[PDB]
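> Starting from these lines, generate the structure:
(chains A, B, C, D, E, F, G and H)
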Number of protein chains: 8
Amino acid sequence: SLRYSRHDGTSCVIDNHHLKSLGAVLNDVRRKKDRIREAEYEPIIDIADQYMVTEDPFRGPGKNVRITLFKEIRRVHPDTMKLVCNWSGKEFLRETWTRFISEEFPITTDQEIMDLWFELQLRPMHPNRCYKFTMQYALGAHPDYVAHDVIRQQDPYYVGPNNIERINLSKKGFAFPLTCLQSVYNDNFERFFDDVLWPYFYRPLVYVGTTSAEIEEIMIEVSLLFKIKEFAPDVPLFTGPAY
Amino acid sequence: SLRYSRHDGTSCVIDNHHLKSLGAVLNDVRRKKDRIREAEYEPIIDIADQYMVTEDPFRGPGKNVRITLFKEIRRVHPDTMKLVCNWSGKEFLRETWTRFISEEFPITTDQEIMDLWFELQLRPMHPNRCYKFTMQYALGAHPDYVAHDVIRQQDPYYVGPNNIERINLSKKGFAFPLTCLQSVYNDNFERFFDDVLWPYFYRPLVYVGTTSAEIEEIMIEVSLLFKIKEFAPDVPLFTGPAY
Amino acid sequence: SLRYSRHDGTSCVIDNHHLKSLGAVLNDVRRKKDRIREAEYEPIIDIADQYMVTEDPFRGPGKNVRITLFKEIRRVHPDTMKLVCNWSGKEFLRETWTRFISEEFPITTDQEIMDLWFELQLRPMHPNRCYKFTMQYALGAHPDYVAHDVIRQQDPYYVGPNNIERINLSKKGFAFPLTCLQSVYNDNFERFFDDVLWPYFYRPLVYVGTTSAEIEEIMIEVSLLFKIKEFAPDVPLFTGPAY
Amino acid sequence: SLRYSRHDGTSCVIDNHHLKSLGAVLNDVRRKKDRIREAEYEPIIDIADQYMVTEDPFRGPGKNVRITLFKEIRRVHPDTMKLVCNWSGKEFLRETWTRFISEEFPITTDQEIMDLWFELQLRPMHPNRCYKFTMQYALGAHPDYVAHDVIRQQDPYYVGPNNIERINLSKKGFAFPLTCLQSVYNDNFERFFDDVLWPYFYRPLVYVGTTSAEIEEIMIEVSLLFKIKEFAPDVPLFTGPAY
Amino acid sequence: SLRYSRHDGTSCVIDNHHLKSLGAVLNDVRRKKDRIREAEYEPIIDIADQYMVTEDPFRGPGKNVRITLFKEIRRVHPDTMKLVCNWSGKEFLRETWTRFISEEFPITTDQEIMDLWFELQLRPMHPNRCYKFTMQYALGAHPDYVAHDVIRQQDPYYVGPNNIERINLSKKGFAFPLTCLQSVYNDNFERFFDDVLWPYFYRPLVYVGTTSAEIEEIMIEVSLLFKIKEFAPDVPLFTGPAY
Amino acid sequence: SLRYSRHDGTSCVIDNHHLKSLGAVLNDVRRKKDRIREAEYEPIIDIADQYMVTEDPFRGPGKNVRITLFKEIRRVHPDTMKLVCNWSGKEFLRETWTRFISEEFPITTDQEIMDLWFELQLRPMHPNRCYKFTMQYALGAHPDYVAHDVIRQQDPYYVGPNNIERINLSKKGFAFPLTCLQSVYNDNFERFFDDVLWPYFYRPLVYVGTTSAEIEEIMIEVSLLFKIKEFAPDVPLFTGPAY
Amino acid sequence: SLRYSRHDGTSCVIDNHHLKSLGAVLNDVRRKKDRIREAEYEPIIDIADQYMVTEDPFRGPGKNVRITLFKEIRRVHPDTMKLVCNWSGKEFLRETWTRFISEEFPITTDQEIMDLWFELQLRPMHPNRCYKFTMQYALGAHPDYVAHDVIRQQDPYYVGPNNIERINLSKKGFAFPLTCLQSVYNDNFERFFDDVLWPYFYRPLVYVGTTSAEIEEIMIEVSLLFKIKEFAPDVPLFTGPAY
Amino acid sequence: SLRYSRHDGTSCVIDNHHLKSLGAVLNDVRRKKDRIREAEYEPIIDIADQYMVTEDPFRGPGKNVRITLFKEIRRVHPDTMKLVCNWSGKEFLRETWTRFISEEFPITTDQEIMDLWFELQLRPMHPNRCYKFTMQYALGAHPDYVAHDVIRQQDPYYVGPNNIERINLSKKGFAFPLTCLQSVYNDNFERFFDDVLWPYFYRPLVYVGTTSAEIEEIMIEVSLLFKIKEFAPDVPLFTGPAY
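Numbers count the residues shown, from 1 in each chain, chains lettered A, B, ... in the order given. Sure, structure below:
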């Protein structure tokens, strides 16, 4: 914070003559100089404004609901990656529906799920090390295909500086408990499962490795992160009967 | 613009000896220095070239066709947002088809609609204020669901510095008068409406608010913005009969 | 002027994701840096705000009324100054009252004279010279004292860069046609002269010289400059009868 | 001083061709760059020229006549101030008239006293100390009121870096030996004293302290400083009879 | 241009005290700093003033008279140069005398030709290219020697940035219509030709090429450029008879 | 001058260990940094070394002998130039030979005149002016041609910052008292004059003006400046007889 | 050399949207800034373009042919110079013609000698010294004049940083084996010598010294350097008979 | 290395006039500026030259003889240090004498050992770690005192960036095979041991730890480093008999 904001100095009148604080005046002069500079480089901004960047989805619009699923420890040999999860499509859906609904109910507002993200959080288990994390994934396979427990590293995703990676699970393939802007109805897992077309095909299969030249031990927390927008009316909640 | 471009100075020969303008020579020296600097930082550009930005869709390729729909005035209480539009899916389609086709005909070239954007333009109605605009939306709902006229603000979209927000309406869900690269055929709204699978489900429901701590009055102009690429042959138009 | 003001760039939404112009973002970053700098030096402004400067009386509040009196040419030997004016107190008052009143009538608003200034404007009469002007004055003398036509220079006032010097004539000694905030009454010079206590004592006696080592020729325009504040009611002027 | 002023380098003609010193040419180029810079910041000067500062009265116009009156040593306890002088109004006038007239006669030119200043000069009496001086004053009191010899410090004047403080004694209250632009007449103290209206009321009562946390010993020299403008005619002094 | 030149700010007197514009004062301070800097580097200028540069003959003293002779188009293979002109000495003299005299008459003032220059102006004939021009020449040969139409490039002159090359034709070898400071007499080509000693030997033989690796097409304008100094008396022209 | 040159600091040995002055060490570090910088910009020097400048002939090799001829005062109207000298060729030669030989004899060494220069020195006659000088000349004319006393200014030479202009008088046309590297022989003006081929044709005719918009008064000193190289043997001068 | 030249980054299209490398974009922004800077200082270049510099004759147009003549060792006392060569004019011509012709034949192309230079190359004979070289010369003398073997130093030429000095030998006085643009004819020294007008007068007489305060030992290599331009036709050389 | 050293550019003479490379001239100017800067800060060097630093003993005078003794692996718990060596004084002397003498013989020159250093070299045994080394030591103890194998860390020595620590073993306490400047005599360990006064008391007892919060594995190489100065005469080695 600041002390006087941009309201520094003051003024007074002596014998009709107007006095103003010297520091305030020097700020007016410095700001004029800055304004000229601002004009000087506006043409360069217009070249830059030919392009755009994307706002961070998690610091950006919508609220974050982190439905943590499980934790696991893996040791990973250099240049390899170990499988994090091997659920069937049915089991992933049971966890997705059950964990989200039980945590969120009662759902008291109209709302829409904007996005569903698979979140990997990675932490080292030993101090005084120096390495980074790597990641690979697939989003589907023949239901009788069982993923290899360990693979060799080949052009992986490099996990960001905060050791968190989030994979967007699109509306196609991956089913949501709440499809559109709606109010909740009586719902159950059997009804939900039956309305999914390809329940057994889509399932996240995620691998994790390091850039280390020695074995490392890793702690892993897996969550589903829901981006939700609510449409709450600007009205009171009353104890019944109202009025 | 410049005066001499990069063609400054000149040269001449006196007694076999070659004279050159001093300023031109000093520019050759300064440019050598710059070229060394350019080489010095090329390795840093290569690190930056590991990433990319997206070109602004509206200053970028394709032409812009702005089909303005209507204007409205709303007053918005602090920390709330008021509904801009509540059309049914059928009514949105009537306006989308009718307004686009009547404005654009005769369509005399092969062309494809790249994108359809919903544009909100926001202007204050009073001078000497200081606030920014906010926005929220949904793209569909049960046809018997009527949106709340006013909601409370919760993690909204912040409207950009130019007080314009544009929401992309994808080819899925939202139907286009011209689907692919094609030449226009005899067409009418009833034919068009009948070929849409879910006419009543998809409709933009958009809200608008401010960051003000007092009521503000807003003027709102809503348009549909079409990005179009034309494939006009490099041939003459003749008065009939040709040749 | 600027082109886009501080409203550069724009924003848009694609698949729920918020895009913003790169140049706008880079401006947000640069402005954060500047804001930190502003905080860093606010303590230095507070030291400076222990002192004040005076607003220029002529670019500042009140309007300027320049009642030009006369012009004269003088040649001035090096290290000397020549007398500009030698009026008696009575003659100065006749010119002050007569010239101001005739030029300003009809005076249709309530107003007060804030200040009366004696203005010397100095211009050279030859090109390709290089010198500055000097000034000395007295504001009164025994009425039988006649000022020397020419004096030697001794610690004079140095005239400012614009070759204009203005000497404030205070309310004490020098009488004003309008004393306080008032509406004009029937007035005449004999009434005015009779109400002045010491009409013959106060008179500006002004000298002018140069910093040149040769004789120079000077053109001189002398004016009385009145600072006036008006209190005009916020009402219409009607043709009689009103309403 | 400089060596060649701004007259560096030279020129010559060989076979009709004009040669000029390289250093002179490089100065022409550098000065062009500076001239552009000067234009670039002229708008900022105009913002600054909305305000004014006051020229130092003692380095500025008029000559300085320092009529030293007396010296004194005082020891001052921390957070207190000791009285410098306790003259009656009559005694101050005797010293002011007598000391000025005896020192200045013969007064051989027409002149006017612009201002009368009371000057305090303060010097430490011990080496290897570190403190600043403070000052307070009053300009009048009931003639039977005797000032306290020592007071506590409360929001004093802080003496400037050169350990000199000068207090302006205005024409109102404090009488001058020479009122206006005049030539000296036969004059005496009794005539002078009788023409003063309130001789016993106005007298400078001045206190002095330090910012030290220990007792300090101070040497004090008190003077009256007269600002005078002379109007000496540009004529010879001859031995009589002239011509 | 500037707005106030170096005459910014102003001054005024209030109660004997001299006020000056703050911006003007800050300029005085900044200029003092610059003056110190100027003194600091004057010793470096003196080292530079040990050497000299030559003033551009065409922007410099004397007037320019451009007697254009002809235009031509040539296509030039890479690493070769094509002959621009192959006149005999007699034909060059006929063109030089005839074109200069007919264009300049009536010659009404005393004047001297300072220098005669052969000017090549080179322009590309296609857009979207990137190359520079080259030049070679000889100033004489046995009159029965016919120059090769095309030669290979070997250490040529590189034409300056403005695509103009000018070759000085000295007073020795190349004859002038006006030798010295003179008034024109009755003159004719046969008289002129007869007074030249070696009319058939001296003739400009000029070649032109490029730095391109492909054939390029060039447009060429050839002129004779005369540097002339006139000695026009400071007298009126009258209609006869005078006075 | 410097104090310690580049021999700062010192060294000593304590218990076999070598100590060196810290400032000397810091200079070694700073000089390493500078040496890297020197290498970094050597490629830029090589681009600059493609061109050359000419050493000032008067600060450069050979000694200067200034044979002053005469002084004159001229007043010059704006945009005109007045003739400085109108000698015939014979009279110029008499002054050149006579003044040089009488001043230089006895000539006791073998020597050669490198160059002969006509020097104009220009000084203003009034203070507090601001203008520059201009120059024009011719080096020959029909002996019966008398130059106009005053001409209008048209593309003149601009005199250098030091108000000195020097025109080279070449070996062709203008005859020297000493042609080549030689020892003086018995010589006289009649012998000298007879060996000149065109004594009456070559004579400097020089004009002088200003950039002033008013008449200016000028003082002019004209000299002949001789550049001479001596070949003095490294031997003693003895009183005769030697040894 | 560079790695990617100015072709860094790339572009691609995803869902109609155009992506571009971030580093490429940042370069576009930086180059815009530079372009503004370039415009800002173009007015300063125009002041500099009022003057010109001369291209180095040896790095510039024409080829270099270095006809080395001889080497010599001289020891030079401080403040003196020793004679390098004392050939008669005839002997200099024999060496000039003979050495050039024998080295260059067969001369198979049309060519012209642009310039003839006398080259002094100077090298020290001892390590760990610190001095510079000096030079003086004369280009002619009475044929019976024998130059002093050693002279005292007086305003000499200072040899350049590379310890090479080159003196231009003009077409006047010094005769060339090939005068103009010509093809070689049968030629011999007696024919050549007979066509020279003053064979015995012109001869380079060159001296060499140092800036050392002790005797120094010097190694000296003397060459004649010929600047030649060739006019080689763009045609094949065939074995006879052609075609 | 550099390309032209500080011998850039060149010089030449045309028509008596001296030309010099522009880049060389610009270097002369830049070096003048630097020389002024050098003078400007020489007073600051003199303040710095009040203090001294010590030359690195191993990069400094004398040669280095590294007599490696042994290697060892230790694992070290956090905040502890493990003993590197526990030799008795007798065993340390046997290794010191035996290893030095056997490696160095034949010793063929007069020489003196300046210093004896105990060197610890430390390397990690695992990759992807991040820690520093610590060290403690004692130089003597009662011969029946056996050092603890492991101690806790308390204010240790921090090993330098290169993971090498060297402890000086002074001439007092620690005996040298060669005491002073001498030539080798017949010598043996029993003679050597008998001349040491306190053979059993002095022995290096050295500990090693880390700054790690986990166990680390370390590889350790221990050497004795001898600083030696040789006095080799400047004479030939001959095969016997000499001459």
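> What are the phi and psi values at the spatially most central residue of chain A?
Taking C-alpha atoms, centre = their mean as the criterion, residue A:58 is the residue nearest the geometric centre of chain A, at 3.3 Å. As for residue A:58, its main-chain torsions (degrees, to the nearest 10) stand at phi -100, psi -30.
> Looks like it contacts residue A:64 (just checking).
Yes. Under the criterion of C-beta atoms under 8 Å, residue A:58 makes contact with residue A:64 at 6.1 Å. C-betas here are computed from N, CA, C, even on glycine.
> any shared contact partners between those two?
By the contact definition C-beta atoms under 8 Å, 6 or more residues apart in numbering or on different chains, residue A:58 and residue A:64 are jointly contacted by A:225, A:227.
> those helices in chain A, which residues are they?
A:22-48, A:89-104, A:189-195 (DSSP state H).
> close to chain B, is the first one?
Just to be clear, that refers to helix A:22-48. No. With C-beta under 8 Å from any C-beta of the partner chain as the criterion, chain B is not reached by helix A:22-48; the gap is at least 9.5 Å.
> for the second one, same thing?
No. Residues of helix A:89-104 contacting chain B under C-beta under 8 Å from any C-beta: none, with a closest distance of 15.2 Å.
> How about residues contacting that helix?
Outside helix A:89-104, the residues that reach it (C-beta under 8 Å, 6+ apart) are A:65, A:67, A:69, A:87, A:143, A:175, A:177, A:187, A:189, A:192-193, A:196, A:198-204, A:224, A:226.
> For that helix, what is the distance to the chain centroid?
When C-alpha coordinates are averaged (C-alpha atoms, centre = their mean, to the nearest Å), helix A:89-104 and its chain have centres 19 Å apart.
> what does stretch A:18-27 give?
48 Å.
> before we move on, what about stretch A:137-151?
Using C-alpha atoms, centre = their mean, the offset of stretch A:137-151 from its chain centre is 25 Å.
> So which residues on chain A come close to chain G?
A:40-41, A:43-44, A:47-48, A:51.
> got CSV for those residues, with neighbour count too?
Shown next, in CSV, are the residues of chain A next to chain G (neighbours: other C-beta atoms under 10 Å in any protein chain shown):
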residue, neighbour count
A:40, 13
A:41, 15
A:43, 13
A:44, 19
A:47, 17
A:48, 23
A:51, 24
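> Show me which of these is closest to chain E.
residue A:40 (18.7 Å; C-beta to the nearest C-beta).
> My guess is the closest one contacts residue G:39. True?
No. If you go by C-beta under 8 Å, residue A:40 and residue G:39 don't touch, sitting 11.4 Å apart.
> Now the common contact residues for the two.
By C-beta under 8 Å, 6+ apart, no residue touches both residue A:40 and residue G:39.
> now the strands for chain A?
Using DSSP state E, the strands of chain A run over A:11-14, A:17-21, A:51-54, A:63-76, A:80-83, A:111-124, A:133-140, A:150-152, A:157-158, A:164-169, A:202-210, A:216-230.
> and of those strands, who's closest to residue D:132?
strand A:17-21 (23.5 Å; C-beta to C-beta).
> Pull up the distance across stretch A:177-185, start to finish.
Taking C-alpha to C-alpha, to the nearest Å, the first and last residues of stretch A:177-185 lie 11 Å apart.
> Identify the bridge partners of residue A:129.
Here residue A:129 sits in beta bridges with residue H:129, going by DSSP bridges.
> tell me the contacts of it?
Applying C-beta under 8 Å, 6+ apart, the residues near residue A:129 are A:212, A:216, H:128-130.
> Now for the residues you listed: which two are most distant?
A:216 and H:130 (13.3 Å).
> Tell me which of these two has more neighbours.
Taking neighbours as other C-beta atoms under 10 Å in any protein chain shown, residue A:216 and residue H:130 compare with residue A:216 leading, 21 against 11.
> Bridge partners for that one, pull those for me.
Residues in beta-bridge contact with residue A:216 (DSSP bridges): residue A:76.
> From residue D:197, how far out is it?
99 Å (C-beta to C-beta, to the nearest Å).
> about what we covered before: list the contacts for the residue nearest to the centre of chain A?
So residue A:58 contacts A:64, A:166, A:225, A:227 (C-beta under 8 Å, 6+ apart).
> Give me the buried entries from the residues you listed.
Neighbour-count burial (16 or more other C-beta atoms under 10 Å in any protein chain shown) is assigned, among the contacts of residue A:58, to A:166, A:225, A:227.
> wouldn't the second one be in contact with residue A:166 here?
When you say that, I think you mean residue A:225. Yes. Between residue A:225 and residue A:166 there is a contact at 6.4 Å, judged by C-beta under 8 Å.
> Need the residues touching each of the two.
A:58, A:117-119.
> ok, these vs chain H, which is closest?
residue A:119 (25.6 Å).
> neighbours around the closest one, how many?
Using other C-beta under 10 Å: residue A:119 sits among 18 other residues.
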